[PDB]
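The structure appears below as structure tokens.
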Amino acid sequence: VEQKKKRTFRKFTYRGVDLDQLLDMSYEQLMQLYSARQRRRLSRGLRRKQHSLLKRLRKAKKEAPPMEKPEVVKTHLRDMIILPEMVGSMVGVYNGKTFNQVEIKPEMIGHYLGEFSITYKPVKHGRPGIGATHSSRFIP
Amino acid sequence: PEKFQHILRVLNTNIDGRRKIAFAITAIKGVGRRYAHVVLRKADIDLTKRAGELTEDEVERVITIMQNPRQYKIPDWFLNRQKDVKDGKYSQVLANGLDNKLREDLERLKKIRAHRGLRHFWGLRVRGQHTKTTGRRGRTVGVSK
Amino acid sequence: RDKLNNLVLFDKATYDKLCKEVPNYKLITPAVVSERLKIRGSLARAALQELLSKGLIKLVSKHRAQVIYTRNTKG
RNA sequence: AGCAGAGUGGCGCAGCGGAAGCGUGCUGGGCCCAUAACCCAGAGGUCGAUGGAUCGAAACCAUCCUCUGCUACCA
RNA sequence: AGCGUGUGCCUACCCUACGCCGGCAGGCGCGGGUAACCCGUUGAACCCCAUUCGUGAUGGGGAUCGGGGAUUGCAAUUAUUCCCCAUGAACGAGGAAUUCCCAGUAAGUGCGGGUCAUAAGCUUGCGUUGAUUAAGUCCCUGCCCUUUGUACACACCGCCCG
RNA sequence: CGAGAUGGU
Numbered sequence: 004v005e006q007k008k009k010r011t012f013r014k015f016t017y018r019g020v021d022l023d024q025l026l027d028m029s030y031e032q033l034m035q036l037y038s039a040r041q042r043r044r045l046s047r048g049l050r051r052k053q054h055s056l057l058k059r060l061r062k063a064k065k066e067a068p069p070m071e072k073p074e075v076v077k078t079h080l081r082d083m084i085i086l087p088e089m090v091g092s093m094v095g096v097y098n099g100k101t102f103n104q105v106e107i108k109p110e111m112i113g114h115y116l117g118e119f120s121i122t123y124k125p126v127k128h129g130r131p132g133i134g135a136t137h138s139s140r141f142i143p
Numbered sequence: 006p007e008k009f010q011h012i013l014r015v016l017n018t019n020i021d022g023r024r025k026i027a028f029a030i031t032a033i034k035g036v037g038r039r040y041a042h043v044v045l046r047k048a049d050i051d052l053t054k055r056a057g058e059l060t061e062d063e064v065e066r067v068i069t070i071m072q073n074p075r076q077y078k079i080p081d082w083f084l085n086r087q088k089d090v091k092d093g094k095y096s097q098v099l100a101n102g103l104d105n106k107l108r109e110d111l112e113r114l115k116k117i118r119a120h121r122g123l124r125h126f127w128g129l130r131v132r133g134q135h136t137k138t139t140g141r142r143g144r145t146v147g148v149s150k
Numbered sequence: 041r042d043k044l045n046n047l048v049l050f051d052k053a054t055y056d057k058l059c060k061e062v063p064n065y066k067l068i069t070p071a072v073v074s075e076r077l078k079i080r081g082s083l084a085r086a087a088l089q090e091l092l093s094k095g096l097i098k099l100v101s102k103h104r105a106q107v108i109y110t111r112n113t114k115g
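Chains as they are written, first to last, in PDB author numbering: chain R, 4 to 143; chain U, 6 to 150; chain n, 41 to 115.
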């Protein structure tokens, strides 16, 4: 990663804990660090057949060459919360017609996968057409 | 009267010593009507006097209470920074510290390029609002060719 | 565009005038005291209660939105 | 060299010792079923250098700079 | 105050008193109602009485934006709705134009019904406080009837000349 | 007795 200190030692962490500690914590402990929406989702959420993504991610983390990035796993699951299991991983997130790849930085923790893959193009205007103003009227 | 000093400087900001004490200290950023009343109530100050009628040790009692709310038993549910994301603390942030705390929050969203960080960067409405008919700040454009 | 500059506390040049002017006025009210002495309405409210306990003026009427006072029963 | 103009705030014409000046052009709105005529509102603002009176300087007054205009010459 | 609604017949959800925990949104327990029977004497808002501010873009105004907590749901990010501390824009009664209204009316003020798993700045009803100005005209925009003129009948937004 | 031209569906 580009930056020192973060989640490793001293004053930059998540909520006061290090990445190696977030990797020891259970879902029952971890839901005290997350905010109210993520806490409700983990408390209520049986996650029935949503564990399949976590299996494919941990397969790709296991089988990658030593000191090189995993291959992409590509998915429709835009409403998945980023767990501390998912850091340093490649995901392709569906956009309504294409998959956009994401390298999951540890600062992304507690966000949704769908927050990093955007459904539209930023607008830039062409000149106004006929009917755009009351004076614009056409007579043959 | 005593012809005492009627402008005073408190936290790198100037207070008019001429308003009621509970409405003079809200010239500090991070101190609203609701928080200013509770600080003076813990500080044991009479709310009826003008801000130029406080003695030198009374202003130091108010300043030392504003900077350490949790040791004078001001509740956690009152504070403007709750579980701060990088170190987990609870506090009230004031003056030029509030400017930097927002400056760090907008750059933290931009660095990972989340949707919030892109809307703040392009200068668009960040919360759920529509943009077809409100917030207009350009110039009228003519149809002619 | 303009500004008033009304006082928040007295000084002797205006406090001695408050005590000298009492017999001159048929109608005494916080607003007429405010504009005539250049005093805020909250100081005008406070000053007229002291003169009443000193016995120098008569209360004619009181209501939330309007007090009225007058000269001490002669002239 | 004699005498005069310019040195935009919006193309263009340059008012008078008060921070647009008015006729006009551009852009938008009203009126009408609709187009013209008519009516109304907009346009990010030390206007070449150096001194002096002013509440004030493109616009009251010095001294330099440059190009035009009419005369007409240091060339 | 007055008008109303209430356990959904496939379709799976209703209206709530009382006690206890919490600043709040909210949570747990335990009863009544298929309704002139229970929520309910439906303790509504403006208004009324007392206090503080003092002509200041101010203690007027509350847009924009940071952080945290609950509830619906299979799922809330492009923020469902709700609660808390903080931030504190334009705006000082609005140019040419233009809408609605004659008495329990206009305007002010809050409450039900619809849509509804979650939810009114809309709409359709109800009560409460309660004026100023008129009792007329055909001028402007239109409608009805009669006499009259026409080169119109696609009917004046017509037809037609150099 | 102010000024009052014109007409793709």
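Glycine included, C-beta positions come from ideal geometry on N, C-alpha and C.
Terminal residues of the alpha helix (DSSP H) in which residue i lies
| i | result |
| --- | --- |
| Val72 (chain n) | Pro70 to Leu77 |
| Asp49 (chain U) | Taken as a continuous stretch (DSSP letters only), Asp49 (chain U) belongs to no alpha helix (DSSP H), as it is neither H nor E. |
| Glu71 (chain R) | No alpha helix (DSSP H) contains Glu71 (chain R), which DSSP labels as neither H nor E. |
| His120 (chain U) | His120 to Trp127 |
| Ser93 (chain n) | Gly81 to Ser93 |
| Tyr30 (chain R) | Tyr30 to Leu33 |
| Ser46 (chain R) | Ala39 to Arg47 |
| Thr69 (chain U) | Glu61 to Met71 |
| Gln106 (chain n) | Careful: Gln106 (chain n) lies outside any alpha helix (DSSP H), inside the beta strand (DSSP E) at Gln106 to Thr110. |
| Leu25 (chain R) | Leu22 to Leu25 |
| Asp110 (chain U) | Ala100 to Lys116 |
| residue 5 (chain U) | It is not possible to answer for residue 5 (chain U), since the shown part of chain U is limited to 6 through 150. |
Residue range of the unbroken beta strand (DSSP E) whose run includes residue i
| i | result |
| --- | --- |
| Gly95 (chain R) | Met93 to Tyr97 |
| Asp89 (chain U) | That residue, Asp89 (chain U), is in no beta strand (DSSP E); it is neither H nor E in DSSP. |
| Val36 (chain U) | Run containing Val36 (chain U): none; DSSP gives neither H nor E here. |
| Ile84 (chain R) | First-last for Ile84 (chain R): undefined, no H or E at that position. |
| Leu16 (chain U) | Run containing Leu16 (chain U): none; DSSP gives neither H nor E here. |
| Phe102 (chain R) | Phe102 to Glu106 |
| residue 20 (chain n) | Since the first residue of chain n shown is 41 and the last is 115, residue 20 (chain n) is not available in this structure. |
| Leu99 (chain n) | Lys98 to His103 |
Chain U contact for residue i (CB, 9 Å cutoff)
| i | result |
| --- | --- |
| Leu67 (chain n) | no |
| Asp51 (chain n) | yes |
| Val73 (chain n) | no |
| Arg18 (chain R) | yes |
| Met34 (chain R) | no |
| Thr11 (chain R) | no |
| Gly129 (chain R) | no |
| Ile142 (chain R) | no |
| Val48 (chain n) | yes |
| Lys7 (chain R) | no |
| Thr136 (chain R) | yes |
| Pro125 (chain R) | yes |
| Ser139 (chain R) | yes |
| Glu118 (chain R) | yes |
| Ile121 (chain R) | yes |
Beta carbon proximity, residue i to chain R, threshold 9 Å
| i | result |
| --- | --- |
| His135 (chain U) | no |
| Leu107 (chain U) | no |
| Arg113 (chain U) | yes |
| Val148 (chain U) | yes |
| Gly37 (chain U) | no |
| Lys78 (chain U) | no |
| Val90 (chain U) | yes |
| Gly102 (chain U) | no |
| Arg118 (chain U) | yes |
| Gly93 (chain U) | yes |
Rounded Cβ spacing between residue i and residue j (contact assumed at less than 8 Å)
| i | j | result |
| --- | --- | --- |
| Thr78 (chain R) | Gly95 (chain R) | 7 Å |
| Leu84 (chain U) | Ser96 (chain U) | 6 Å |
| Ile33 (chain U) | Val15 (chain U) | 7 Å |
| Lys91 (chain U) | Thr16 (chain R) | 6 Å |
| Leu44 (chain n) | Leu83 (chain n) | Rounded, the Cβ-Cβ distance is 14 Å, inconsistent with contact. |
| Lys9 (chain R) | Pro109 (chain R) | 7 Å |
| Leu60 (chain R) | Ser29 (chain R) | That belief does not hold up - the Cβ atoms of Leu60 (chain R) and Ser29 (chain R) are roughly 19 Å apart, past 8 Å. |
| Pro87 (chain R) | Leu26 (chain R) | 6 Å |
| residue 121 (chain n) | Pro63 (chain n) | There is no way to answer for residue 121 (chain n), as the model of chain n reaches only from 41 to 115. |
Residue i at chain n interface by Cβ criterion, 9 Å
| i | result |
| --- | --- |
| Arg142 (chain U) | no |
| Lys47 (chain U) | no |
| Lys8 (chain U) | yes |
Under 7 Å (Cβ pairs) to chain R, residues found in the region 123 to 134 of chain U
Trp127
Below 7 Å between beta carbons is the criterion; list the residues of the region 94 to 113 of chain R that meet it against any residue of chain U, in chain order.
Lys108, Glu110 and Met111
Which residues, taken in chain order from the region 58 to 69 of chain U, show a beta carbon closer than 9 Å to some beta carbon of chain R?
none
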